[PDB]
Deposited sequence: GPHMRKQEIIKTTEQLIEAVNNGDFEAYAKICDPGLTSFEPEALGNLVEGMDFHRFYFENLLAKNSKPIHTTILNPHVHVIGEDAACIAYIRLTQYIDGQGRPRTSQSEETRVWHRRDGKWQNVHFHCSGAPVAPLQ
């Protein structure tokens, strides 16, 4: 039932990214966040320092989160797997859609949920 708890937090995180609000992002991510993602060229990154770059140095877009499946593991742990559709407008003016498969693992540290691990493909 409180699977919807996770989905909301995931949605809030993606919202922060799309806004370039790094302070908002950091709040929701654990400081020791590990990340597999295309931009890391097949490396695992201690992904708080690595992600700053994309905020500090950066159009209309709409993110959609399909078939979010949440595994719950006792009081303080859960993981979410979901397809992220991103509608945007290419420089050449045309509208385009792009798909990513995303896995976010969540730990509740004192009341709030934290994202500790992130795996993105696409």
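- Counting from residue 1 of the deposited sequence, the stretches lacking C-alpha coordinates in this chain are 1 to 3, 62 to 66, 131 to 137.
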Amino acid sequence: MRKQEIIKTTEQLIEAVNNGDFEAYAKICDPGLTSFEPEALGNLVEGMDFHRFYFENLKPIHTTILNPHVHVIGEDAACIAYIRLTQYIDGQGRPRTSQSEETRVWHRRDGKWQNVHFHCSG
From here on, numbers count along this sequence of modelled residues.
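- Taking the mean C-alpha B-factor of each stretch as recorded, 30 to 38 and 48 to 56 are not equal, and the higher mean is that of 48 to 56.
- Mean C-alpha B-factor is higher over 107 to 115 than over the other stretch, the pair under comparison being 107 to 115 and 8 to 16.
- When the modelled residues of the chain are ordered by C-alpha B-factor, residue 84 sits in the lowest third.
- Per the deposited record, the Cα B-factor of residue 21 falls in the middle third when ranked against the other modelled residues of its chain.
- Among the modelled residues of the chain, residue 73 sits in the highest third by CA temperature factor in this PDB entry.
- When the modelled residues of the chain are ordered by their C-alpha B factor, residue 43 lands in the lowest third.
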